[PDB]
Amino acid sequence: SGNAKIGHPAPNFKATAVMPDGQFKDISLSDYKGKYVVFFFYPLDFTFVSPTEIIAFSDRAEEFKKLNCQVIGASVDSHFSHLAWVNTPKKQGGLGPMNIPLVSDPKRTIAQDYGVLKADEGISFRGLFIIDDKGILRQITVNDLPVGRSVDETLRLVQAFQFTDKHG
């Protein structure tokens, strides 16, 4: 199940995203060749654990930019849903303005390609993938729904892969 394999090219995708400026744009994983990419899935918009994760990554996007690394979040919700959540203030339980793009995967094909579809519910597990500047998958993380991810740990991994990339 899925085509995400360590040491092999990460599965490409082309999807509509809500961009940091608040507007829609169709983006592809291949747009970010030359940069490391952290690509993470969350189950659903308008939930309780996912916003804490999304906001944590968005708040700390600058730490990833200094590592020449693009962060991209994704769920199976529509792109309109993403925009409604961004336009809901954080004070009121929304995401607020974002520093990272949020991809919409409404046909669930990206989640299936990455092997993180919870088939009996049509939603993704908490999958996170680290892809190097050549597009090669370097790291797979999948959490069951109840437990969120750590930005600290993700930064540690990105830094460590970049460090070992310099060896010869």
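Note that residue numbering follows the sequence shown and begins at 1.
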Which wins on mean Cα temperature factor, 157-165 or 1-9? 1-9
Once you work out the mean C-alpha B-factor for both 100-108 and 136-144 from the entry, which is higher? 100-108
Out of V37, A119, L128, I54, which residue has the highest Cα temperature factor in the PDB record? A119
Highest Cα temperature factor in the entry, among the options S124, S30, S58, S50: which one is it? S30
Using only modelled residues of the chain, where does the Cα B factor of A15 rank: lowest third, middle third or highest third? highest
Considering only modelled residues of the same chain, in which third does the CA B-factor of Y42 rank: lowest, middle or highest? lowest
